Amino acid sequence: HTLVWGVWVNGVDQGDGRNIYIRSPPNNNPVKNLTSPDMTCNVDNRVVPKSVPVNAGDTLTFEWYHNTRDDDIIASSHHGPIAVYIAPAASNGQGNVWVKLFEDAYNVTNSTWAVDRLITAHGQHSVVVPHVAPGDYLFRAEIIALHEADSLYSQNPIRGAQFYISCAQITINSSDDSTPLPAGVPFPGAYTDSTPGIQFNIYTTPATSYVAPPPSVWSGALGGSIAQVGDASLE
């Protein structure tokens, strides 16, 4: 159970975005139904009044939290991967529009899942804004918590993989459109019961064995990381 508080751009806090430039749901409950429209941008998908201005090559940092800003972020039990996708705003997230910019699952060196390092990063993880067409976009940040992913929600609705999905409204201003956005995947639709990484037992399978759900990261993606860029406690 975790939500996005806001974003930073090039290490500068853009301020509380909840229901402002983040299409925030009313609480931190997970989405579990892979076929539901809630898979797109969570349970309250509507246009919010602001869109964060960025340029290609900028660092866009999502900041997550549990109950209050810069708290425990997400429960430590929620081991799992993190992804970020992009789609044009005009889609409203519908169709085959979502392009993957970032994926982190398990890091063998450090023996840590993406979620583990998200906590250590005070909720912060980033992508570099790609050289796509200037305009309005949705950035869909997705945490998958696997602590009940031994089961399938479709089979047992009290268990299953848990999705913490947040959509940020981002306006790309300066960009040469040298890497125009390719075809994407639909949400709901891309993840099914047979998809690698949706049904997995973290308690008996080695994490080195884990395969995150496709699609793969777009070759035009410019970078990303799970790491603190800024100190909220000084805000």
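Note that residue numbering begins at 1 and tracks the sequence as displayed.
>> Test of understanding: from the entry's C-alpha B-factors, which stretch has the higher mean, 9-17 or 219-227?
In response: 219-227 has the higher mean C-alpha B-factor.
> Looking at the entry, does 56-64 or 178-186 show the higher mean C-alpha B-factor?
Replying inline: It is 178-186 that shows the higher mean C-alpha B-factor.
> When the CA B-factors of 126, 162, 96, 154 are compared as recorded in the entry, which is the largest?
Replying inline: Going by the entry's C-alpha B-factors, 96 comes out highest.
>> I'd like to know which of 48, 34, 167, 207 has the highest C-alpha temperature factor in the PDB entry.
In response: Of 48, 34, 167, 207, 207 has the highest C-alpha B-factor.
>> When the deposited Cα B-factors of this chain's modelled residues are ordered and cut into thirds, is residue 131 in the lowest, the middle or the highest one?
In response: Its C-alpha B-factor, which the entry lists for residue 131, ranks in the highest third among residues of this chain.
>> Splitting the chain's C-alpha B-factors into thirds, which one does residue 173 fall into?
In response: It falls in the middle third of the chain.
> What third of its chain, lowest, middle or highest, does the C-alpha temperature factor of residue 113 fall into?
Replying inline: For residue 113, whose C-alpha B-factor we compare with every modelled residue in the chain, the answer is the highest third.
> If you rank the chain by CA B-factor, which third does residue 139 end up in: lowest, middle or highest?
Replying inline: Ranked within chain, residue 139 CA B lands in the lowest tercile.
>> Going by the CA temperature factor in the PDB record, which third of the chain does residue 105 belong to: lowest, middle or highest?
In response: Residue 105: CA B-factor falls in the highest third of its chain.
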